[PDB]
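Only one chain comes next, encoded as structure tokens, the form deposited without ligand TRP.
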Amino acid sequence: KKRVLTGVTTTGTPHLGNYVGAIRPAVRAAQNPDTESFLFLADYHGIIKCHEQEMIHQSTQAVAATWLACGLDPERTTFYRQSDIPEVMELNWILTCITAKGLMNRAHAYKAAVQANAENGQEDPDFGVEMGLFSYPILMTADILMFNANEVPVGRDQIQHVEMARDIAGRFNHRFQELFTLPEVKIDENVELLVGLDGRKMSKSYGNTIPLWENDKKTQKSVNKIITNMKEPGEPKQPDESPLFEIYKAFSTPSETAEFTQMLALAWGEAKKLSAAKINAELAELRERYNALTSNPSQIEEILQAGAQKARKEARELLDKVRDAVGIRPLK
């Protein structure tokens, strides 16, 4: 049985792009009965940059309620906070000891920070760089290896995370004993990165998001914020003129998408009404479950605690083998 392990960030509230791009297909994929599904909230990766203490907490609750509301089943998926698995932190140090510094030197996030200092005219390549940025790839590797995942769903952007995990696993196996499975990349072949309000990728960094969990009316006003042009009612408009089209398609079947493209060839304001209606219709049931979870967050706490208890039973078994293999053993 193939063990599949997904880490999800906790540094902001999910928006429409997260739902279309990651959450909706991840919940379907997790239903595969041939797979053992693990999914964790990466709340200790969260504090690499996000030192607003209120943020990681609010985001953890928002992200956890979001996945539950969209159908993640904690009876099928082992579902836990990274901060509830102390075994991962011990493994993190063990792996650090067998990881070449060269491997962290070459990691993309660090290199982009170094380049940004060069472009900004900084004489120090490590200006403003903290060790969480330099060393999180070892922590992410521990996240994966602690559960001997066979597959790790990642963005094509993040393939290097799994390669570093495979490299570190192999160095441990060669230095001590072969305890670790080399994890493998899983790419979503049909992933659609959703466009935001201003035509760039929808991103918290850009302030161009459409929120996931606001009511019908507040969603309408957010869809109204999408850029269009000065084409009036009756002027024919092609799908490439406004991010409004790609947004409608992400919440519609190919049939409705084609009837929508023919209506355009129609007023922007009315196209924005049709787009918001389609979004609100799909999210209506998910929003009631989201609002029930967030209105009683101790339901979420209980779920995370039950998922942590499951995860730690697996992590303890392996950690005991790792400790023995690195020579940490009782005096007898």
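One-based numbering along the sequence shown.
Just so it is clear, the following notes concern the form deposited with ligand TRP bound, a form of the same protein that is not shown.
- The candidate spot formed by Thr6, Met140 and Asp143 is fully in contact with ligand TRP in the deposited bound form: every one of the three has a heavy atom within 4.5 Å.
- At the 4.5 Å threshold, heavy atoms of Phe40 reach ligand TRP in the deposited bound form.
- Although the partner is absent here, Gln160 sits far enough away that none of its heavy atoms falls within 4.5 Å of ligand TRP in the deposited bound form.
- For the chain shown alone, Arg287 is not a contact residue for ligand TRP in the deposited bound form, no non-hydrogen atom being within 4.5 angstroms.
- In the deposited bound form, ligand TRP lies farther than 4.5 Å from every heavy atom of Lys272.
- Looking at 99-107, 207-215, 144-152, 232-240, the stretch with residues near ligand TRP in the deposited bound form, meaning non-hydrogen atoms within 4.5 angstroms, turns out to be 144-152.
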